[PDB]
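All values below were derived from every heavy atom in this structure, side-chain atoms included, with hydrogens, water molecules and symmetry-related copies excluded. Counting begins at 1 with the first residue of the sequence. Order of appearance sets the numbers: ligands from 1, and atoms from 1 within every ligand.
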Amino acid sequence: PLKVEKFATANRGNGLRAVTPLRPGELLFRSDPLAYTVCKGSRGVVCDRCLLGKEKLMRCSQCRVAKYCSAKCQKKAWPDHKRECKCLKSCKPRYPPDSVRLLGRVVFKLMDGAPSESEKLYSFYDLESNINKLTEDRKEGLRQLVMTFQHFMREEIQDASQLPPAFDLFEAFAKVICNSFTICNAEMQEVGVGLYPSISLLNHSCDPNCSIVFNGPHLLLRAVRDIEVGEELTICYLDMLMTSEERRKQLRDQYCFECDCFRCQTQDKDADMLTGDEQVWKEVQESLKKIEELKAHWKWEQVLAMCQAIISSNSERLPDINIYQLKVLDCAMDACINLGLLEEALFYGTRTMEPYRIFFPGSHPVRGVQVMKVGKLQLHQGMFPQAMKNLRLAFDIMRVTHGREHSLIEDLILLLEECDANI
Ligand SMILES: *c1c2c(nc3cc(C(=O)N4CCN(C(=O)OCC)CC4)ccc13)CCCC2
Ligand SMILES: C[S@@+](CC[C@H](N)C(=O)[O-])C[C@H]1O[C@@H](n2cnc3c(N)ncnc32)[C@H](O)[C@@H]1O
Ligand SMILES: [Zn+2]
Ligand SMILES: [Zn+2]
Ligand SMILES: [Zn+2]
């Protein structure tokens, strides 16, 4: 028996609403993807199927683009990979955009796979396309994505007979733009992209009552507030460290709607997000583009050096509540944790603690993971009372955002038990 249901909203198309009263932390829906693929920057860094990062990966001898954590992952991914493997091969060294590879797996799964559990509440055919709202610029880009698809899928798709019935490629890419899910690993690293059509019923809110968390490619939908019967479920489409101006631009360009929630009407937290000298954080925001680019390709040393040049700069610095300063603090923490610089990592991680409490209110999985990382760094350095306080606070957040069903909760309990034995 399902706790959620599809329904027609008054001005937001279709949505999800509660069949029953929901409490914080209650699991609402699990789903594998209908189709998914590894991101461009994580390809060869994480297993193509399970999206876990490893020292070494074994590669597909046929294409050599697909790489895996183990022999089980390579053999199990073969059915969903066999048709794409050789549009991939015989197109080297020309790797297609992530969206084109994503749609290729959608077509193969819809053509050759059985009815997907991921389409139980909502199918790929039902997905919103927002076609009558697309600008001519966005249409032009979708036509370039269509011809890119046809060129990449030459060897396996000759004609409309090998596409689903009434399947239009322009509209399919329109659905991908506004229904794609970025997949983040346990450490909140962007590792993949996938489609979850039943989950794609959730409308956006800048202050949601639900949350998404990923266990590999598997998705868990949870309540993070109290929700009463008939109340619509919402998730935040966007990073929390965005101003209302940046949220307006992204919700327009990608999702074709104007948000008039309370937070956007009052520019909630905008001023605190941009404290400090404007010229200083405009450079940091400009430099974050390359910093985040290097992080997407797991080049941690380059991330740290650029972040150190900002955090320990000889020129004027920013307060830690400035979102662009905060992002540099986060990138530097992840770079240090992963180069083994654990005292420098804790220095940056502890600094993000108070800004994260303000910008991730209630129960947000991003804060719970950040707090868990800080508590894990404190425990590894013998700061047992300080570590316990954060590890418990991480459990108070992540037990609502992450599940009994999420593997990271098991890892947190071990750290809690270990820290408890020490105390
Ligand atoms: C990766 C990372 C961060 N947060 C994430 C949040 C989610 C998220 O729950 N999600 C984004 C995709 N989305 C959507 O586009 O709705 C319209 C279809 C649903 C909501 C995904 C991945 C995330 C935090 C920083 C670390 C990376
Ligand atoms: C992932 S789909 C959500 C389900 C969608 N309403 C449907 O019927 O399939 C995202 C699309 O829903 C609409 N939408 C989502 N959140 C909205 C909101 N808060 N206000 C207005 N429209 C919204 C936008 O058109 C967006 O392109
Ligand atoms: Zn694997
Ligand atoms: Zn292959
Ligand atoms: Zn809003």
| Are any of the protein's heavy atoms under 4.0 angstrom from atom 18 (C) of ligand 1, yes or no? |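 Protein heavy atoms within 4.0 Å of atom 18 (C) of ligand 1 - there is at least one.
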
Which residue and heavy atom of the protein sit nearest [atom], plus the separation:
atom                    : result
atom 4 (N) of ligand 1  : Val366 CG2, 4.2 Å
atom 2 (C) of ligand 1  : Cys184 SG, 2.5 Å
atom 13 (N) of ligand 1 : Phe181 CD2, 3.9 Å
atom 16 (O) of ligand 1 : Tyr237 CD1, 3.1 Å
atom 10 (N) of ligand 1 : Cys236 O, 4.1 Å
atom 21 (C) of ligand 1 : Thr182 O, 3.1 Å
atom 26 (C) of ligand 1 : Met188 O, 3.0 Å
atom 15 (O) of ligand 1 : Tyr255 OH, 2.8 Å

| field | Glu190-ligand 1 polar pair, N/O distance under 3.5 Å | value |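 In this structure, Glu190 places no N or O atom under 3.5 Å from an N or O of ligand 1.
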
| Is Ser180 in polar range of ligand 1, meaning some N or O pair under 3.5 Å apart? |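 Yes; the residue has a nitrogen or oxygen that sits under 3.5 Å from a nitrogen or oxygen of the ligand.
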
| message | Suppose we only count N/O/S atoms under 2.8 Å; would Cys259 qualify as near the Zn ion (ligand 5)? | response |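 Under 2.8 Å: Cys259 contacts the Zn ion (ligand 5) through an N, O or S atom.
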
| query | Rounded to 10°, how many degrees is the angle SG/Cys47-the Zn ion (ligand 3)-SG/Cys69? | reply |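 Between SG of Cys47 and SG of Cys69, the angle at the Zn ion (ligand 3) is about 130°.
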
State whether [Y] and [X] meet the cation-pi test: NZ (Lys) or CZ (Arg) under 6.0 Å from the six-membered ring centroid, and within 45° of the perpendicular axis.
X      : Y      : answer
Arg143 : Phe170 : no
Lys54  : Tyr68  : no
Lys40  : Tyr95  : no

| query | Hey, is CD on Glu228 packed in by over 12 heavy atoms from elsewhere, all under 6.0 Å? | reply |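 For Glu228, atom CD is not crowded (no more than 12 foreign heavy atoms under 6.0 Å).
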
| Which is it for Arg83 and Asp112 under the salt bridge (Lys or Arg N to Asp or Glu O under 4.0 Å) test, yes or no, and what are the steps along the way? | CA-CA 10 Å; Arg83 304 199 52 187; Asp112 305 327; 2.9 Å; yes

| field | Numbered atoms of ligand 1 (with element) below 4.0 Å of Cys178, judged on heavy atoms | value |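 Close to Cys178: 18 (C).
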
| message | Can you name the atoms of ligand 1, numbered from 1 with element, that are less than 4.0 Å from a heavy atom of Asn179? | response |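 The list of qualifying atoms is 18 (C).
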
| Degrees at the Zn ion (ligand 5) between the SG atom of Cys206 and the SG atom of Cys264, nearest 10° |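 It comes to 100°.
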
| said: Strictly below 4.0 Å, N to O, side chains only: are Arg43 and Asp48 in salt-bridge contact? | reply: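 Looking at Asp48 together with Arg43, the answer is no, because their closest N to O distance does not fall below 4.0 Å.
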
Any side-chain to backbone donor/acceptor pair from [X] onto [Y]? Under 3.5 Å, distance only.
X      : Y      : answer
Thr275 : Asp272 : yes
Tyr122 : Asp126 : yes
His218 : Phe214 : no

| Hey, is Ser200 touching ligand 1 through its side chain, its backbone, both or neither, going by heavy atoms under 4.0 Å? |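 No part of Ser200 comes within reach of ligand 1.
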
| Taking heavy atoms and a distance under 4.0 Å, where does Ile235 meet ligand 1: side chain, backbone, both or neither? |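 Side chain only; the backbone of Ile235 stays clear of ligand 1.
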
| query | Which pair of non-hydrogen atoms, one from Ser70 and one from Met58, has the smallest distance, and what is that distance? | reply |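 Closest heavy-atom pair between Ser70 and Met58: C-SD, 3.4 Å.
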
| Are any of the side-chain heavy atoms of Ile157 and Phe149 separated by less than 4.5 Å? |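 Yes. Closest side-chain heavy atoms under 4.5 Å.
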
| request: Using a 4.5 Å cut-off on heavy atoms from C-beta on, say whether the side chain of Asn185 contacts that of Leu51. | output: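 No; the side chains remain at least 4.5 Å from each other.
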
| query | Hey, does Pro365 sit under 4.0 Å from ligand 1 if you only count heavy atoms? | reply |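 No, that is not the case, since the closest heavy atom of the residue is not under 4.0 Å from the ligand.
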
